[PDB]
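Below is one structure, written out as structure tokens, with a few remarks after it.
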Amino acid sequence: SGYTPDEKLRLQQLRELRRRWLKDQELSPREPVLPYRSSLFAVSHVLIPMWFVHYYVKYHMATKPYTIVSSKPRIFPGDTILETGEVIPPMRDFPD
Amino acid sequence: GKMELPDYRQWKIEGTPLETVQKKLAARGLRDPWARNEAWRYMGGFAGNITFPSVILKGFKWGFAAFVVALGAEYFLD
Amino acid sequence: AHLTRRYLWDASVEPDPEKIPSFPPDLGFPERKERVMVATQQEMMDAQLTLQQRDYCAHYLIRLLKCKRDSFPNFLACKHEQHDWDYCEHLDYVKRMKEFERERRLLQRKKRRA
Amino acid sequence: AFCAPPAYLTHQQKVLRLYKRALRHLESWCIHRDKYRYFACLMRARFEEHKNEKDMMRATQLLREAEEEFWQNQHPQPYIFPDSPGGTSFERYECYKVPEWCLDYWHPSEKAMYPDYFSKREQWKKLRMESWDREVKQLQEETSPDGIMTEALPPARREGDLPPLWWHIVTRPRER
Amino acid sequence: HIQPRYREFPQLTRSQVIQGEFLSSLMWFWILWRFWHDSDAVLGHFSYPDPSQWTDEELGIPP
Amino acid sequence: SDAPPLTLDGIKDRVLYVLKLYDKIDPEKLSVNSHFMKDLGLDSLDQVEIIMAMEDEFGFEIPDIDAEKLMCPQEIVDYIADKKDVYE
Amino acid sequence: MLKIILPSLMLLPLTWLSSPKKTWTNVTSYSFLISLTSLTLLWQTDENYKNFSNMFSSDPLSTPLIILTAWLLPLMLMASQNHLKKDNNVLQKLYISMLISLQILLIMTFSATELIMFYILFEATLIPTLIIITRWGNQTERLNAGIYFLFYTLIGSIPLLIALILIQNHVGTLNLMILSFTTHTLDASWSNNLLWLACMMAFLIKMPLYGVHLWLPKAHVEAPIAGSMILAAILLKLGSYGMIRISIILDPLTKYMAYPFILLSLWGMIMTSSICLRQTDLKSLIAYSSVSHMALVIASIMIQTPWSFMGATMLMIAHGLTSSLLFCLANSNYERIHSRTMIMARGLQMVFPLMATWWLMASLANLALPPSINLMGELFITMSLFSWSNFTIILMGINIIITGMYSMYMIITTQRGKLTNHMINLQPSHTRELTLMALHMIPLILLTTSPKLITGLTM
Amino acid sequence: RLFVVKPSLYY
Amino acid sequence: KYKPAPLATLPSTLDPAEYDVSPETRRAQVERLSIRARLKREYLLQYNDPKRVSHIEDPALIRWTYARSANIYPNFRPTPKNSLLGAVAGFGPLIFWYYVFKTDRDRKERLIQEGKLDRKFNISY
Amino acid sequence: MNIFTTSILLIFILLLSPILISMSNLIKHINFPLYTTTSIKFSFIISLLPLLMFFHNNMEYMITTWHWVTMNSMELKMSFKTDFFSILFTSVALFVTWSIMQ
Amino acid sequence: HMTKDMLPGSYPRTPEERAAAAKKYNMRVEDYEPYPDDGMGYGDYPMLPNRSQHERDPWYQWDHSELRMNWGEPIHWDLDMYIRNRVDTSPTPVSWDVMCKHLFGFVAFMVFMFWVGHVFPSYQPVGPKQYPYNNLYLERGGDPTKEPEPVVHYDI
Ligand SMILES: CCCCCCCCCCCCCCCCCC(=O)OC[C@H](COP(=O)(O)OCCN)OC(=O)CCCCCCCCCCCCCCCCC
Ligand SMILES: CCCCCCCCCCCCCCCCCC(=O)OC[C@H](COP(=O)(O)OCCN)OC(=O)CCCCCCCCCCCCCCCCC
């Protein structure tokens, strides 16, 4: 059994009221009232920070003993070191 | 913008698996009142069977073509 | 495979992976030579290798790392070296397989001696 | 979401809802439309086979057996439309469904924009403090003095009167 | 921008199809280049010798 | 990719469209108020199927308690409008 | 120290002969200036401690308690302001005077050198608290709550006094650091065991042991917000200070006369963290949270290790701040809804979108989100108890889990559902209470940045 | 274009 | 066939209480619905009522909190299984944990006394 | 040892910047999504370099930045271990979060 | 404001009490059933079905929606565990007795088969690897001044 006539009238009234509430929730124009890029971004978001960071490192992180501890660089036969003008000799005859 | 709706005088069961289903439901003695709705698909731009080859070997034509081109260029340059 | 031959057939005449050098080495080898090492401890330690990696082929691995650090911006220029290292590792694997087969044959000897 | 269940569902309603759920689970099981139509027609034949029957006891028995068959043959991961319970959007915009009274606390410099909006909101209240007293009498006077009562509501029988208890069915937020 | 379509196959721009075709063709070009130059990596480059094909001289076993 | 809003005439078009596609009774003669039992003589089972087709068309469910009361395309359109909050 | 106490004593006339419109403002501003001046105590350039007189002294353990005490005052002033707003000028001046007296007595008992002065002040802290709880509560069980509080405390405190006399007689002084430079070992006899029990039960009650925790939830639930804050922050710390100071002479008894309390603490931790899952009153939930947190402090004092004491101090201060914050957050709603029931109001974070952050961070702390001093304390307590015995980690993990559960429960049943749209009386958030929450949080950030001021005696 | 209800946020 | 459980309850379909048409069933249903509707009407005469500045109360919620909080001891009665549950829950686990910790501590201490332990790098506690 | 560490900490400075504009008043006068996406983009471009220097040298670094506490023979400090895993995962995750932000 | 006549009380031992209790809790004196008298504080509080809030109707426009519970309805003593963010008693196609059995069986069989594969492992036919300098005795910790137990690795 469908909507009784009282229910139908109820729904029609609530419908004509909601379709007015929404039309009112709409709003007029003129409201709400109110009273190169790559390079500039690069500068102002990389360089300045990079300057500050280089300062911090060079003068508060390398002046201290064990703050920047690099591993040792791989060395192979023939690689002539430069801090002593040295040369390590090559390997043995490879069987084949 | 105002929307349109095409005529319902074109969505027909003929020439689709809906027709075979109708054959079966007739063999059993029945009818389907809705097939014309589902028949908007199965015809038109949506028509045709897609295959696992169809989806996997997409681009393969020009892929192989450019592959052979680069192979010949490599043989040239030695 | 050895799996079946051990877990279903005679399990006592098939070797055990953890006891391969069990028998004496020269039971069939006169003046059995040693496996040589043509890479020096220092030559291998100054290169910062890894202890799973400074095996009998660390010399070709050293050449590989060298030819890689050099010619770097252009990778793929370390194929002739990579092949050599892969080959030496394959030959080591072959020697291991042959040790396995040796020990299985010696198990055959022990089961045929009685 | 707009009405209230009756004190008890009738055999008709039970059977209809069983049919609907059975068809939804048939859809879940059969992914293709041809298959769905085939087996839906089969199921409707199974149903119509017992539409002109009237023995209430045998009917209730058939129903008690069909519900068990359904529980035994139901898809355990059925299709639920997103915005419906069990769906991936049920109660998703309740975060933005802010009520209307939250504007009575706004600051003059906030309603200074949208001035044409708030003027309407005002007279929508004038339409409420007047339409309130007569909405009670219409309930008082339309009361069943025999005790019986249910969750229904009447419309207004006049020119100017409004349905009793409207402010919350009206004024409710969009769904979006 | 586009116009919705109802119960029909919509209008298809050219970019969204050409770009997909390009990506697929590039993937297959890569697969082919590789399978040509480095086939071993999926097939093999170091055979598996047949056990017992050796000689008792090697892997010495006395009689 | 946002889909367009709804309209009352659009819902009317779509509903009458589905009902025209329907075959069991509807002889392609459907006014907005073609009651299913009185004007067309349908069954509650056919009504169930009709509501399910409306759902498969619009993308949402109709609770059974409220679908047991829809017998006219106009009632269907009104329920759908109340649910989707149309005609702002 | 007198430069800290004399102005606190002068805040009283200011309060009484200030006009009915500027008393709040003036007393709050000057309380803030007192909090500022109290930082002289942090000028500790050597391992030697401060001694201004025969009657006063400061340590790395008493300084933070003192500064937190001088800081909480203006916050309590601000928080007790919306209520008792209609109440008469005289009544609200009385309230302010109660607060100030609590401040002064707590500063004194943290800066004291003699156990008996510590005692008279740790027992004079009752009058103002009882008066605040009974004269400004809203329910009818605040009377029974005050009874419970008062009498638990006194029943625990009498034998402490008797033990102090016994000591003052055996030794000739009750002075600290003399009781240290002259302490002797004991005989492990029953008389000395009962001496231990006496010295301890007062503090084990003032910081709720599991079995005698039946005065804290009452007092909180029935007390106003300033009472709740001070009770949660400092009155639960008097016991810790007292035990850290009195455990030096009871050696070597606590090696075996401490097991029962370690057990009770490690178990009641779980058995209260669980109540925090099924309690309906937000205030009682937070009370049981305080209990589950003070259990760690107890168990860490009992084992007497440097890491343990460090964690005890860190967690003391951190929990003080966090509990005050949570209490004030619940009060913000109570002032708007007049119901401590948590599940009543829901779906906030929609109309109060910012206070939902303060709600969240106070929860991130309570569940020990790093980097935070709550965790820098819990972790070290856990390590100390793991060295004690490795099987404590089980109960520690259980408590961690339950904490992470009930914190987010408290968050979600209030701020992360959908709104009770029938709540017309949700007056927007006051700048005053937003400032309360900010003043609670920011110091936690700063103490997390510089936790060297918070380790304690050992470190 | 429509109106989105919101709390104050000014306070 | 579906075996119901206290954690996977029985549905409404398979509940023979449903499909019951006895008047002693339908009348009860109608009365329950009448009560429900009376309460809903009462509550909606307060929700939408203008001139309402405050919120709505929930006497049911108040009753529930009062029962779960303060109506406990006035109805408490010592009984068997009650004294026993209390004593066990209170003491048993404490004894268990006490013996665990004591065994561990004693073992550790005797090990250390004998010197049979390795405390390498332990310089914090 | 100046370029590596600077490039390691610069990505953190960058990632932080958006959240700093999130507390400022510029949000309502900026395109925060585009700005954050560009920040992520430049963070990825920066992280690309340490990857090159590692692939070249295979050198790992330890970088202690700030002293937090000293607890009786137990220090705690901010310490970054730039190794293969870290420097590669950083690049991958940034390259992905870029796409994800867009 | 409330009153001792509106609030709960003690166990009803007469229908004169059951009537008032049920009319207060807003139930009917038949459906109302108090908790047994085991001295546990319950008193006259309703004993209601141990069903969760998932079972209820989602399509109904309730008053307390997140709880799915009306205004004056009597509240379940164990709501805090059925508030729908928690325990779910809603039914299941499969049944407890069979689902528990299936899960336990899957887990236990998989564990047993892990142990079977541990007893009978899988491997490849090769000998152990060989590292020259006494399995790298020096590098691998070792001790420089002392000497290792020398080991040899032969060819083939
Ligand atoms: C609801 C709870 C119950 C409330 C009612 C309380 C009833 C009170 C109990 C009745 C009185 C029994 C206590 C009698 C005290 C006996 C004297 C004594 O124990 O002192 C011994 C010890 C000093 O001895 P020592 O220095 O070694 O040499 C000899 C003396 N020059 O010095 C001491 O040890 C001081 C001992 C003081 C008494 C301690 C009481 C027990 C302490 C633990 C529990 C505290 C909680 C309150 C009491 C609970 C019930 C005991
Ligand atoms: C070979 C190995 C094989 C075996 C490996 C075994 C590994 C150990 C497994 C332990 C984990 C099992 C216990 C986990 C509890 C999870 C509880 C939970 O899931 O809470 C969420 C739950 C709702 O979730 P759900 O059922 O999915 O509902 C979705 C509806 N669409 O419902 C809730 O919302 C409840 C919210 C929290 C309730 C309070 C919980 C209190 C804490 C009790 C759990 C912790 C107990 C310790 C678990 C073991 C760890 C020691």
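Of note:
- The residues in segment G:413-426 that are over 16 Å from D:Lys97 (Cβ atoms) and facing another protein chain (nearest Cβ under 7 Å) can be counted, and the count is 2.
- Look at segment G:253-267: where a residue is closer than 15 Å to G:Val297 by Cα and a partner is hydroxyl-bearing (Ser, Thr, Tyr) and surrounded by 19 or more Cβ atoms within 10 Å (Cβ to Cβ), sitting 6+ places away or on another chain with Cβ atoms under 6 Å, you get G:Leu264/G:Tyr210.
- Taking first residues from segment K:6-27 that are under 19 Å from K:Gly41 (Cα atoms) and partners that are of a type in the set (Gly, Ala, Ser) and assigned to a helix (DSSP H, G or I), the Cβ contacts under 6 Å between residues at least 6 apart in sequence or on separate chains come to K:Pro8/I:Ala67; K:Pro12/K:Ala21.
- Of all the criteria given as (1) within 16 Å of ligand 2 (Cβ to nearest atom); (2) within 14 Å of chain C (Cβ to nearest Cβ), the one not satisfied by K:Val94 is (2).
- K:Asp38 away from ligand 2 (no atom under 16 Å from the Cβ), within 8 Å of chain I (Cβ to nearest Cβ), more than 17 Å from the chain's Cα centre (by Cα) and surrounded by fewer than 16 Cβ atoms within 10 Å (Cβ to Cβ): yes
- For the residues G:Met361, G:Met350, G:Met405, G:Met355, the requirement of being over 30 Å from I:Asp106 (Cβ atoms), within 9 Å of another protein chain (Cβ to nearest Cβ) and more than 16 Å from ligand 1 (Cβ to nearest atom) singles out G:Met350.
- Selection of segment G:179-219 for residues being within 14 Å of chain I (Cβ to nearest Cβ) and either more than 16 Å from ligand 1 (Cβ to nearest atom) or closer than 24 Å to G:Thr254 by Cβ (or both) yields G:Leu209, G:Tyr210, G:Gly211, G:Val212, G:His213, G:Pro217, G:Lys218.
- Segment I:68-88 residues that are over 26 Å from G:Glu141 (Cα atoms) and more than 7 Å from every other protein chain (Cβ to nearest Cβ), paired with ones that are polar (S, T, N, Q) and assigned to a loop (DSSP other than H, G, I, E, B) (beta carbon under 7 Å, 6 or more apart): none
- Within segment G:161-176, residues that are farther than 15 Å from G:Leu197 by Cβ have Cβ atoms under 9 Å from residues that are within 10 Å of ligand 1 (Cβ to nearest atom) and polar (S, T, N, Q) in no pair, counting only partners at least 6 apart in sequence or on another chain.
- Residue count for segment C:9-24, restricted to those that are loosely packed, with under 10 Cβ neighbours inside 10 Å and facing chain K (nearest Cβ under 10 Å): 1
- Within segment G:280-318, the residues that satisfy the criterion of being surrounded by fewer than 24 Cβ atoms within 10 Å (Cβ to Cβ) and not hydrophobic (A, V, I, L, M, F, W, C) are G:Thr280, G:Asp281, G:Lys283, G:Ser284, G:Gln304, G:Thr305, G:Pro306.
- K:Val107 vs. criteria within 12 Å of ligand 2 (Cβ to nearest atom) and either in contact with a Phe, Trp or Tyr (Cβ under 9 Å, 6 or more places away or on another chain) or within 30 Å of I:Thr13 (Cα to Cα) (or both): no
- Residues in segment F:63-85 that are among the acidic types (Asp, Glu), under 13 Å from F:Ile51 (Cβ atoms) and within 14 Å of chain K (Cβ to nearest Cβ): F:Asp64, F:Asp66, F:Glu68.
- Scanning segment A:1-28 for residues that are more than 8 Å from chain D (Cβ to nearest Cβ), outside any helix (DSSP H, G or I) and under 54 Å from the mean Cα position of the chain (by Cα) yields a single hit, A:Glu26.
- Hey, G:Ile246 buried (at least 22 other Cβ atoms within 10 Å of the Cβ), among the β-branched types (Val, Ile, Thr) and under 14 Å from G:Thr129 (Cα atoms) or not: no
- Pick from segment G:135-147, criterion surrounded by fewer than 19 Cβ atoms within 10 Å (Cβ to Cβ) and in a helix (DSSP H, G or I), ranking: farthest from ligand 2 (Cβ to nearest atom): G:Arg135
- Here is the figure for segment G:281-295: residues that are within 16 Å of ligand 2 (Cβ to nearest atom) and either charged (D, E, K, R) or touching a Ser or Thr at 6+ places or on another chain (Cβ under 8 Å) (or both) total 3.
- Check on J:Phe54, within 12 Å of another protein chain (Cβ to nearest Cβ), more than 15 Å from A:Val46 (Cα to Cα), in contact with a helix residue (DSSP H, G or I) (Cβ under 7 Å, 6 or more places away or on another chain) and outside any helix (DSSP H, G or I): no
- When D:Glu151 is tested against the conditions (1) within 14 Å of chain K (Cβ to nearest Cβ); (2) touching an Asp or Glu at 6+ places or on another chain (Cβ under 6 Å), the lone failure is (2).
- Considering segment G:240-273, and only residues there that are more than 16 Å from G:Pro208 (Cβ to Cβ) and small (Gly, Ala, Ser), the residue that is farthest from the chain's Cα centre (by Cα) turns out to be G:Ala258.
- Those residues of segment K:114-147 which are over 30 Å from C:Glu101 (Cα atoms), of a type outside the set (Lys, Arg) and surrounded by fewer than 14 Cβ atoms within 10 Å (Cβ to Cβ), in sequence order: K:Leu138, K:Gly141, K:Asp143, K:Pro144, K:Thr145, K:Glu147
- The numbered conditions (1) in a helix (DSSP H, G or I); (2) among the hydroxyl-bearing types (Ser, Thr, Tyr); (3) loosely packed, with under 14 Cβ neighbours inside 10 Å are all true for A:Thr84 except (1).
- When residues in segment C:25-54 are screened for being outside any loop (DSSP other than H, G, I, E, B) and more than 8 Å from every other protein chain (Cβ to nearest Cβ), 2 of them pass.
- Screening the candidates A:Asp93, A:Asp79 for the property of being surrounded by 11 or more Cβ atoms within 10 Å (Cβ to Cβ), more than 7 Å from every other protein chain (Cβ to nearest Cβ), at negative phi and not in a helix (DSSP H, G or I) yields one hit, A:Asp79.
- The one condition from (1) exposed (fewer than 12 other Cβ atoms within 10 Å of the Cβ); (2) over 15 Å from G:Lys93 (Cβ atoms); (3) in contact with a helix residue (DSSP H, G or I) (Cβ under 8 Å, 6 or more places away or on another chain) that G:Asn54 does not meet is (3).
- Within segment D:82-106, considering residues that are in contact with an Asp or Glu (Cβ under 7 Å, 6 or more places away or on another chain) and exposed (fewer than 14 other Cβ atoms within 10 Å of the Cβ), the one farthest from G:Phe352 (Cα to Cα): D:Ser89
- The set of residues from segment G:392-419 being part of a loop (DSSP other than H, G, I, E, B) and either within 11 Å of ligand 2 (Cβ to nearest atom) or within 14 Å of K:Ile83 (Cβ to Cβ) (or both) comprises G:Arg416, G:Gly417, G:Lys418.
- Out of G:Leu176, G:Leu161, G:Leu154, sole residue that is away from ligand 1 (no atom under 15 Å from the Cβ), within 24 Å of the chain's Cα centre (by Cα), of a type outside the set (D, E, K, R) and away from every other protein chain (no Cβ under 14 Å): G:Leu176
All Cβ positions, even for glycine, are placed from backbone atoms using ideal geometry, and neighbour counts span all protein chains on display. A short reminder: the numbers here are calculations on the coordinates, not readings from a lab.
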